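Student: I have a structure here, written as structure tokens, and I will follow up with some questions on it.
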Amino acid sequence: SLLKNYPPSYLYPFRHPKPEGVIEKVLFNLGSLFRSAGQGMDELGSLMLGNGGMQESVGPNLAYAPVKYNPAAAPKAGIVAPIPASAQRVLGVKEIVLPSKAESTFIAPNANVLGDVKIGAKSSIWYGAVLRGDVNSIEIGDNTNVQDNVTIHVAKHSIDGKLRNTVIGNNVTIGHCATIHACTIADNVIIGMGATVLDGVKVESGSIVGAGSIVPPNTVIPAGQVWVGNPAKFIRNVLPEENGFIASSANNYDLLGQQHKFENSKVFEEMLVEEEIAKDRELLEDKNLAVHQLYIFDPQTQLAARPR
Amino acid sequence: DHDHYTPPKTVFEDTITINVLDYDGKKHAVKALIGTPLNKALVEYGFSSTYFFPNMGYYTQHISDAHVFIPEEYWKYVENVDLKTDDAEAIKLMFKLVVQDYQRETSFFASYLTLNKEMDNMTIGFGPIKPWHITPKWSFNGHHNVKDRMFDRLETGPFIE
Amino acid sequence: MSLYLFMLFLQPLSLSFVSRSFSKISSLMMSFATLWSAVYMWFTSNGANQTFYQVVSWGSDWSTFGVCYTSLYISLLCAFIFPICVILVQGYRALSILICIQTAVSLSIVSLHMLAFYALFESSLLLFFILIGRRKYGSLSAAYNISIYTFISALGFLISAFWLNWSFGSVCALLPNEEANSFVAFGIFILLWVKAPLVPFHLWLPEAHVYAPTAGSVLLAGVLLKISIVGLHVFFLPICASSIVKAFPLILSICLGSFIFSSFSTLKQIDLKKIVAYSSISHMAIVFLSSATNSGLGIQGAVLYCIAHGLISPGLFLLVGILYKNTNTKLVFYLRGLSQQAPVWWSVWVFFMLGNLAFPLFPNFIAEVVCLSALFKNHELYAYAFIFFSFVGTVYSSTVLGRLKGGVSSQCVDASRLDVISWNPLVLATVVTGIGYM
Amino acid sequence: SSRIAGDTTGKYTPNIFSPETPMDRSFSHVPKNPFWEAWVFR
Amino acid sequence: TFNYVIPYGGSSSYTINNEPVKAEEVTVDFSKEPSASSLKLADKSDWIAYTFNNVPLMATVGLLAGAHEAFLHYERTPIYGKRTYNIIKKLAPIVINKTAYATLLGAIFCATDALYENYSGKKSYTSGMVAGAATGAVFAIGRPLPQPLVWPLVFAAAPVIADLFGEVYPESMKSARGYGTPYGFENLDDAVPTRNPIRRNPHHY
Amino acid sequence: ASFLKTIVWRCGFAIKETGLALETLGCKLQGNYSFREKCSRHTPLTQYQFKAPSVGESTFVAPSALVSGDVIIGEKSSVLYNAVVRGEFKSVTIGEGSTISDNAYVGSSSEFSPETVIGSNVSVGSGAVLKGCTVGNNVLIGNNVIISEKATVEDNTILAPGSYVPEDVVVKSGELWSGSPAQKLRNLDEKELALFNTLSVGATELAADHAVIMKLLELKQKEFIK
Amino acid sequence: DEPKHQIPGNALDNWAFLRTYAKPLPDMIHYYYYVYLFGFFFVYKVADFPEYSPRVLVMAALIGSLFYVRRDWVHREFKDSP
Amino acid sequence: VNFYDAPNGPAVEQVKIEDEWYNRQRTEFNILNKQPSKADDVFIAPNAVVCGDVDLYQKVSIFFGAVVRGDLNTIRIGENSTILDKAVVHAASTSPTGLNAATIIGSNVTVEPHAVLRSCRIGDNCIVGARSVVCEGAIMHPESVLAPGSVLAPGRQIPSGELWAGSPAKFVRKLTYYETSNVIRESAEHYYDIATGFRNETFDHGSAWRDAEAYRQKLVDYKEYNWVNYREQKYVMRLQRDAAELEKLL
Ligand SMILES: CCCCCCCCCCCCCCCCCC(=O)OC[C@H](COP(=O)([O-])OCC(O)COP(=O)([O-])OC[C@@H](COC(=O)CCCCCCCCCCCCCCCCC)OC(=O)CCCCCCCCCCCCCCCCC)OC(=O)CCCCCCCCCCCCCCCCC
Ligand SMILES: CCCCCCCCCCCCCCCCCC(=O)O[C@@H](COC(=O)CCCCCCCCCCCCCCC)COP(=O)(O)OCC[N+](C)(C)C
Ligand SMILES: CCCCCCCCCCCCCCCCCCCC(=O)O[C@H](COC(=O)CCCCCCCCCCCCCC)COP(=O)(O)OCCN
Ligand SMILES: CCCCCCCCCCCCCCCCCCCC(=O)O[C@H](COC(=O)CCCCCCCCCCCCCC)COP(=O)(O)OCCN
Ligand SMILES: CCCCCCCCCCCCCCCCCCCC(=O)O[C@H](COC(=O)CCCCCCCCCCCCCC)COP(=O)(O)OCCN
């Protein structure tokens, strides 16, 4: 950048460096006193507030969260990991199953992905989606989009041997608020928003399941057909162009997932710095300011780039 | 009693397309719903904010108008206005301050035209407009070179800036 | 007095701190508590103190408040009728507007300073402009009418108050001042001419009543028209008697013309609220003329007849509002068979319409007798003129009743339990005043 | 085709999704005539 | 009074009078008396002289109105285009006709006023109303139906307003002072001034 | 009375607000701006004023779940992930052994909603919307079932996924109901009638496992904080 | 459908009347410049005017108000013709 | 991965979801050049997520679990419109009908829990029932109600003053005058009161930041905390990217 004399408070807004001047040191000590008094007043107020005291704490990260490992039933989709020794002498669990995801995969912080979940590259798990692999494995293929508030569930195979794992193929779109229990979905399928897919349902490639449609258990939706309804029934065959739509939706949501992953993955200090970037961008919109005569500022980071 | 219910038409049946000539000279196919005023349909399509001016009436400045050229065959669907009222006053200020010499016999304002089935594939053009000012925020310098949309303007209308 | 003023200030204050879901209940309790404070003010008002029952000042001439015969009656009337307005109105916005309007109006009645009277009374200028011009059921034209009429008349009154404050040095009623100037007398008079609807400055009242809500109409008819007589007894007659006696033939001309033409205009109405609103205009003229005689009979009769009107016209407006809720129509021609379809509503409607026609067992009878006696004290012909043209009121009232009474109707439109609770106090007060407890 | 909206017990709920038309205050509204409306406007 | 038993207000005895007492010991006046020119113009004895003295006001007003309209026309004519017609030949009739018709209306007004006052012999409202009525009648000679009524009424109403607020109003409130004791009430104990307040000097602009 | 409790709440809230403001001012003086962090301020058991969720010892409430207002949850019950149980306006009761599954909403937050009551061994499916309804013992609700206000589900009943129950509609015992207008399909056979308690106990076992894992997560967070 | 006010005149004729306001618009500085100059000189001359009776002053004001032409009126009706 | 033309610049440090030890989800956040706008009285629940070009008008309430994603196209929610729990509002890039694909919600509109709206026009004073799906290009005219568990197919219309129900949503009955005038608005006002309540007990910076501050303070005390000039690093990264893009041959 052009200048190197920028104030340290300007360069490090998240945390100012250690006070060096006498006045700064006195301000630091006064801030310490204020912090302690404020916490005391907070606790006194919390006493009157009653049970709970309106206390707040950081929440656990459930996007990458474990499940109890079963020695009888080995993991199928996810990886198994040891736990810290102190937690071993407290909890007594030897190993815990953890989800397995590729680097390109985007999982929202809100989303809860649990245990036996394998997610492929370029796939996206969006906000509010709950993926529980506690009893049986969940497999999601590449470029597959589990949208907002989608619930994917599994069950145990049981005596019959009926497969109760959930296998989702590549280029599959699961619409918002859809509920998928232990079913199998082939490649290039759109599941409509609100659609319920129950046990034993095999949806063949190229098919579309309509919005708000409940497909009955043990029903095979054949390839290239559109099925809608509360007792989901066939209405029409997929048009040739609608297939290109299916692929286009998958790819568009891949790009969308890349963007959302980029935004969410920034650290706090960078987020606060970017907030200040936006703010002084707004303040610098006036081009008759004295400083604008002095310098031309870089657009992405409003730092002096060259003199005017 | 109890006559037959008439099921509504889907959006596809009651969409008419109008070919709009913009200021640059390009022709745009603007899909529009029957029953909507021309100004709203033009705004929703994504035309720039310079293409439109507020309705210069005492209580109509929230509405966004455009200077448009209407073929003679569709002059019938334009709305009549009473000269002894203030709607004619809004119209007269809009000619006096915006259109001025660029007026033609086909000159009309979009709000006073309502789209219907018989106006399908109608060809209209944006009429040239002179620089105008109401407030520094709501003004037209004379340059049609901003690439925004009048849709993206949440501001309802001109008041003290 | 102090308790009444404190409660009047407390009602708007409470709305700021209420939960916004308890607003209706708190407002109703506050209205009843203000009514009780007004009863306390009546209790602490000794008749031995003949000039003013009570006077309180809070540090300035503007903060001088006091109750007299007229002020006490009008304040009790407004405090009586406010709770009915409170229950009829729903929403924090509407409650806030109506509470602020009532606080300003009730502070105006007890004020003893012309400038403070003007300041409190006109504070409710935008509130009616917003109220009558509400989104769906309001009309901007009526709000413009009422606002402009009030502004011009009150500004003339303000100019006269400024001249009095410059010349005498004071504009408080308690300081005896007399003026013979006709410009100042007209400046004070024009407000009364407009506020008490008197031809040709009566056009604002109809449009306002029709397009105001039922609570708004109830307040407007009940006490805002009566503010004219508080101004006349408190701020015009003490100082401007020479001008009223100089202009008495003109005053009679305008009053009797208002009576006659308002009666004739009532005959051309198809809307129930407009019929009641025009009946109010014809009723105001007798009050204005009886007070203008400046006699013991006239003042008492005018205040009595104001109380009678403030018990009868709110009831008619309330009944019409109930019928409009049940039917979504106010046109007399749409409404038929109401006797068979709504026997309970019809009974009260007929009772109140008889009250408006001044039948003996109603307060309007006693009040009219006193006012006509005052007019007869001035001259026989004065009373004869008013007595004869009272027959015009009978024609339109009878035509309306006959149109509503019978016919074919397929809708049961009768009042619910809430509606009957709403008018029971008015019926009881009407009976009690009618038997002579005026 | 109709149902009782009001509940004296206090357990009143407005069935905006109900197939049957509620017997609310609008049930008794007068039907109205086109020419009478234009006469009122005139 | 503020009671329902006896009449409001009061009465003053006509037999008893109160000796006038000066508002202050020494009176200093910053209001100048009417000039001789004002008395000359106000003189209506000779109706021709009265008319000729007061018409320059009407001619001036007509000239400004005609100049306004003529400039509105001139502003529009294009300088860049050479015009076949002569602009002043177009514009002079505007100003001349406006000035002439204004002067004629003012002449009727002043002449009728002076003639009525001379014939009546008294200064009254009626002279102004009749002069205004005649002027408004001349205004609406060939005009459509409401205007034969409205213009005589408006032109008659104007001198009534002028008389009411230009002559009656000042004379009605000469005595009121605002300082010391109220004009009616000197018995009351208020601070009595040696001299009246001078809020401004006599003007000279 | 209620007014006294409101005054106490307002006073305590004012004190707590002022204390937090003073702590923020101290942080500003020190130059630390960590208070500006926009992180998930979600609390699994939120209280509205003095109404707080009463919760049993053996209960499992997921961290992503929201149990809000005065909600009484009996022992051996589980509110699973991203499940919203709202009892602010009107209270919500959940019986012993009952399960609220993922992305399920149970609430009584409409103006005229009755108090929601859920019985023992009642499993609510993933995605079901329950508003102001009474559910009896041993009831299986489908994944995406909507049950409207004032509707009653009697004991030992199964509602098939996707069924919508209109208000004031009583679902009778020993029956299977389905359809957007819910109508009885068949009487429950004996095996399904016995299946209810087994489903409930399996859900309880799963909840215990999840609680162990959640404790593990809390210890890992504690290591960072302290 | 609702009862509505009848609008006198044809739609196209009324629109043609309204379109006669769309004419080349001069800038207002030209009027303002002359008004400022002649107004300054006018205020200087007024102090020398003879004192007029209030009645004559009011009649002159009435005549001036009646004779005043709104700037829009000339705008609509202006013709560049003899 | 890294968007180098992003409005605020490239990301100097990106952290993986595995490395997160606490939930960092933001209730309002910026997706590249699209910025959500909110009024003062707009309530967004802590669970709720609002991203992209979403414009929230006055008295808008976003309750727990609701996701309003304005990534593909613009979302506008009108005055006193409430999005209830777990209800998803999303916008498509294009609509099948050919009209604007923005998701415009009118005033006094109540979207009941778990209802999905995508690129639809919802008129003023409308109710969308629970688990009701309104697809792309479907337009609900004002004062209309969609019953719970109903689907409006793409490009379909619900007329004003009508109640519609069914998976292929069909006409059921005409809404009464009392319903349209009062109850639909009253539901939105009730949920505004509930959201106003939730706002009144919310602190500006709730005391959950203290836990992360404890970790940061521990790092400071042990001298692992590093001070990074993110602005300068963003500038340098963009410079290097431009130089490399100039150097490349293919
Ligand atoms: C070459 C240069 C060209 C100019 C030549 C002159 C150059 C100036 C020289 C000296 C200038 C100083 C003196 C000139 C007057 C001062 C005005 C001024 O300079 O302001 C700047 C002004 C421009 O300012 P602007 O802000 O750009 O324009 C504002 C308007 O909106 C403009 O927009 P608009 O035109 O579109 O709108 C006009 C509007 C603007 O409104 C006004 O014009 C206000 C004027 C009201 C009276 C003004 C106060 C009068 C007091 C006079 C005091 C002296 C007498 C004292 C006693 C009188 C007691 C009242 O009025 C109207 O709508 C039309 C009606 C006009 C009068 C309205 C009153 C009607 C009453 C009659 C009732 C009868 C009807 C009954 C039947 C009805 C049926 C229902 O320049 C001029 O207009 C000067 C033109 C000179 C022509 C005046 C002719 C007569 C002058 C003396 C008579 C006084 C009466 C006033 C008539 C109207 C004057 C505007
Ligand atoms: C939905 C309603 C259903 C319920 C219906 C209720 C039925 C009401 C019954 C009608 C009552 C009729 C009584 C009329 C007499 C009025 C009562 C009265 O005024 O009490 C008098 C006491 O006088 C009486 O008690 C009268 C005796 C009544 C019984 C006499 C015979 C009954 C025949 C009725 C004829 C009455 C004609 C009077 C016309 C005015 C009060 O005495 P004072 O202390 O002097 O009060 C002061 C006077 N002033 C009120 C004017 C302030
Ligand atoms: C030395 C001076 C010599 C005398 C000179 C006189 C010059 C004229 C003085 C007139 C002053 C009176 C001011 C009132 C003007 C009438 C109201 C304006 C008419 C009007 O169109 O208003 C509309 C509605 O008003 C309404 O609906 C109100 C209806 C009419 C109101 C009634 C007037 C009040 C009572 C009149 C007398 C009262 C006692 C007098 C002592 C709203 O217009 P907009 O907002 O849409 O704007 C759009 C612009 N076209
Ligand atoms: C045409 C019929 C009259 C219409 C009025 C109907 C009844 C109203 C009576 C109200 C009662 C008290 C009002 C006092 C007098 C008002 C008008 C009385 C009639 C009148 O105009 O008499 C005039 C005297 O009053 C005056 O000189 C002043 C007149 C009022 C001025 C108008 C506007 C004043 C506004 C001032 C605002 C406040 C200013 C305060 C400083 C001229 O009669 P005359 O005695 O000269 O006999 C000459 C006959 N040959
Ligand atoms: C604002 C006042 C403007 C007047 C409004 C009236 C209605 C306008 C219609 C236009 C008609 C022209 C104006 C005529 C009004 C004067 C009243 C006529 C009475 C009359 O003729 O007696 C004269 C004195 O009254 C007088 O000339 C002085 C009386 C003052 C007029 C009344 C003042 C109060 C009216 C206010 C009404 C409400 C205001 C709303 C406009 C003669 O007397 P004389 O001395 O010549 O004896 C005769 C010896 N030759």
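Protein chains in written order, with this note's numbering: chain C, 143 to 450; chain L, 3 to 163; chain X, -9 to 428; chain S, 34 to 75; chain A, 502 to 706; chain W, 32 to 257; chain F, 1485 to 1566; chain R, 381 to 630.
We treat Cβ as the ideally placed atom computed from N, Cα and C, and that holds for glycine.
Between which two residues does the beta strand (DSSP E) harbouring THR308/C extend?
Tutor: That run of the beta strand (DSSP E) goes 308 to 310.
Student: Bridge partners of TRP369/C, per DSSP?
Tutor: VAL351/C and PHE376/C
Student: Taking 8 Å as the cut-off, is the CB of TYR680/A close to at least one heavy atom of ligand 2?
Tutor: no
Student: Below 8 Å, is the gap between the Cβ of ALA657/A and the nearest heavy atom of ligand 5?
Tutor: Proximity of the beta carbon of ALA657/A to ligand 5 is indicated: a heavy atom of the ligand is located closer than 8 Å.
Student: Quick one: what's got a C-beta closer than 6 Å to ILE71/X's C-beta in the same chain, skipping five residues either side?
Tutor: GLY212 and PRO304.
Student: Anything in chain W within Cβ reach of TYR595/R, meaning under 7 Å, just list it in chain order.
Tutor: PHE255 and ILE256
Student: Do you know offhand how far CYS58/W's Cα is from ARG177/C's?
Tutor: 7 Å
Student: Considering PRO449/C, what are the terminal residues of the beta strand (DSSP E) in which it resides?
Tutor: 446 to 449
Student: Cβ closer than 8 Å: which chain L residues qualify as neighbours of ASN480/R?
Tutor: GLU46, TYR47, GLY48 and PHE153
Student: Tell me which residue opens and which closes the alpha helix (DSSP H) that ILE609/A is part of.
Tutor: 588 to 621
Student: So with Cβ pairs under 9 Å, would you call residue 446/A a contact of chain X?
Tutor: Residue 446/A falls outside the range modelled here, since chain A spans only 502 to 706, and no answer is possible.
Student: Going straight from the alpha carbon of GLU459/R to that of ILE484/R, what length do you get?
Tutor: 12 Å
Student: State the CB to CB distance for the pair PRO187/X and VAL79/X, rounded to an integer number of angstroms; the pair is presumed to be in contact (CB under 8 Å).
Tutor: That pair is no contact at about 24 Å.
Student: Could you check whether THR286/C and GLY262/C sit closer than 9 Å to each other, using their CB atoms as the reference points?
Tutor: yes
Student: Figure out for me which residue from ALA175/X, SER255/X and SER17/X has the closest Cα to the Cα of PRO196/X.
Tutor: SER255/X
Student: Please determine, among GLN1490/F, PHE1522/F and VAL1540/F, the residue with the shortest C-alpha to C-alpha distance to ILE609/A.
Tutor: Measuring from the Cα of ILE609/A, the nearest candidate turns out to be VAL1540/F.
Student: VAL148/L: which of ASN21/L, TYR25/L and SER50/L sits nearest, CA to CA?
Tutor: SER50/L
Student: What first and last residue would you give for the beta strand (DSSP E) that runs through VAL527/A?
Tutor: That residue, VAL527/A, is in no beta strand (DSSP E); it is neither H nor E in DSSP.
Student: According to DSSP, simplified to helix, strand and coil, what is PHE551/R?
Tutor: strand
Student: Do we get a CB-CB distance below 9 Å when we pair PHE143/W with the residues of chain S?
Tutor: yes
Student: Could one say the Cβ of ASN143/L lies closer than 9 Å to chain F's Cβ atoms, at least one of them?
Tutor: no
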